[PDB]
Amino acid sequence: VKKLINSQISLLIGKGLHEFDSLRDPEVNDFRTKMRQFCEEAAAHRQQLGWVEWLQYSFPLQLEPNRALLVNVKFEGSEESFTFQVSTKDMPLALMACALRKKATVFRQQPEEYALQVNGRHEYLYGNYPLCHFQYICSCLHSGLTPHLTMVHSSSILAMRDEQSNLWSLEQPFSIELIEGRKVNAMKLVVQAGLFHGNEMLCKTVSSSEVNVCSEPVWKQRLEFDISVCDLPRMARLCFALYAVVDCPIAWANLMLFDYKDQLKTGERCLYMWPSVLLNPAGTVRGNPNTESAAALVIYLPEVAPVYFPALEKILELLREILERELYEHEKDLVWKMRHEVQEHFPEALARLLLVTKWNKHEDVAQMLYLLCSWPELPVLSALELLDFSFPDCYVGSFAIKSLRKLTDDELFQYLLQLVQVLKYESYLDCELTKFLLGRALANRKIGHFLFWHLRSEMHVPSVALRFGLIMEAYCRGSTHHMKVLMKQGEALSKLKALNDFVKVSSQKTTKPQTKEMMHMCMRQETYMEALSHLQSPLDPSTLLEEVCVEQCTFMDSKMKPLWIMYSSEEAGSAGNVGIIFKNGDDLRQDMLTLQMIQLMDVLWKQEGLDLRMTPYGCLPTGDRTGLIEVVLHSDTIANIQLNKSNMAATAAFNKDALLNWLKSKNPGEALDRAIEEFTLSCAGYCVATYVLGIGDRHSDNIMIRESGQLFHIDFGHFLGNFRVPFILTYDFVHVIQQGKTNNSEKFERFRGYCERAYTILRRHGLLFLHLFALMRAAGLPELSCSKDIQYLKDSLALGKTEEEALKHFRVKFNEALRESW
């Protein structure tokens, strides 16, 4: 059994477990055994969970951030069902009560023994919440549809559980010996070296003597640093850059001065370098795995006596306000002078005090750490700032996680993408963040699902493949069952890649109708029908993809030729008719981040009672320029609608009426008013979202509209101005908002009110967006690479202003946009 599981993990994670063994690396070895133990203990706890707790693990509640309604309810075993009138204010228990009373009369005669499953979905309604607090019940109300639910008994739930079982002394100036290299270039070589603690230099950047671009270079020279050995902090990073000159960067390499056991490193090292894009402090502290091709630098760390970093017990032994909300040197001195008052009276200003402490003086670090160990826990918002690379110390990182433990699963999920990116800043394999993420993932299967895919989707990136592979292995140890569920998804994705490659070849030699027929024949092979059917959606593990609907599958005969894959499910009814788009060839990371930020805006708006009728559809990178996008059904592009074709319900005398005519056709009679309202609200949401994020090149081919009237955007790829993008009002959109009238200030100014409300709410959470984007810098996105990009957000939310100034500013922009509109 154990051999089978090992091979299944290897295949699932995209890396052979023998490759971990072959490294013969104690740190890897230790990571693997500790984390396996941790994860297996979590699995043991899970298998004895009570049935309500199991539901909470496997099917966490989907909640929203009086009135009557029809609900259809059946029981798990039978066809017979009952359609009740209940209230949106009723609890699930009351609904389960009606259900059981009804079954008792038909079937000739305890609510608390049941949970309600949404038909055809891995989604359950349970707990003390009125029905309309559940996202599913909400969804039905706005769409019109009738909730269809299944009474599931506690013994059925337990059956699912059961089937799823598994030192201060050294004053000499720090120095190294640069021995030799083995590189490729055109000039003379120089090696620049610098010592870093995060972004901050611990002293000046001492450089090599120049040597000719011959060899196999040999230096054999001591590089002494302007810092005492007893002053090197625990997280000291040594950074090299090799380049040529008469500038031409060649390569870079970093390492920690202390190993993962706090021992100071000696003696000789061969550093396998990464090819360059001069110093890269944020770059990984692990060598380039391509040891065949990589340029290499051998260095020597001299034996300073074994020396370890002191234990905490030895460490622990050793106008303010007007500025406190970049600062001058005397201001910094005051903050450090007042550090005790900072702790006692301004605990949330911890980060500011950290940025003023002298990390290159061990005495000062001791004094900072002593305060840190008695520091009260901080709000989640503050802890997110502390995860930044500006805060490299392990005690700080440990404090940060401790304050983040109060994250709800919903919050953790909202920030998961960024927390995974922060792993790229980690210095060692076994770290507090990895343990935190793995623990949360093992306690919540939705978190487990998305953590898996965030890690899996980067296995083709050599710099993270080891770390991410090891995390995925450990996770698998803690849920054998979920591993198999994930394997099924991977098998479907393998088949989709093969199918997409086929379509790419066929469509170059034949017409779209012919290729589509070939696609269908390929899909109807038993191997494909089996691999593509009966899986949890990688986009949302609560959506079950049952039978693939071959005749509705197609492809886009342009660009990367993405696939359109439709599904149906008898058991789920209408809600089982769902689609996925598979695209191979594009980097989906930018799309994913944009969509996640818009989804976050939607949550923040709804928390203030503003529902802009957004369309937060799923986008999930799964592999190398590969991923899935959730299909929004019953929608069309603005461009297609504006073609204004004849013989259609929407055919118009003036082209400006095409979109309104289309909406009229989909929403006859009294339905038009609501659709125009959905259009207006969503238009405001997307106009604000794209303005704030600097998303340019919006046009009629990348905006879509649903038959409900809701507008949404597709195909992102440009943001934070990396095409200053103006606020955009489109004439055809103004025309719909104005109900097809030339002048309609009543409707138009309501729309302006929505924009202003949305904008002011985002500003209030400005710091959250800034902290999240700061963390996202870890991801290596070319459109989020520096301070200029963060500055874009600062400017767009006008955060340096009062609310009144910001709104005047926003108003000029909005007004300028209206003029520009034809």
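Numbers follow the displayed sequence, beginning with 1. What we label the rigid core is the largest C-alpha set whose atoms superpose within 1.5 Å from one form to the other.
Greater average departure of CA atoms from the shown form, over structures and residues in 8 other deposited structures of this protein after a core fit, characterises 208 to 216 among 208 to 216 and 482 to 490.
Here the rigid core sets the fit, and in 8 other deposited structures of this protein the C-alphas of 176 to 184 stray farther than those of the other stretch, out of 176 to 184 and 406 to 414.
Where coordinates are absent for parts of the deposited sequence, a chain break appears; between neighbours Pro65 and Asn66 it spans 10 or more residues.
The entry shows a gap from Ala186 to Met187, with 1 to 3 unmodelled residues of the deposited sequence in between.
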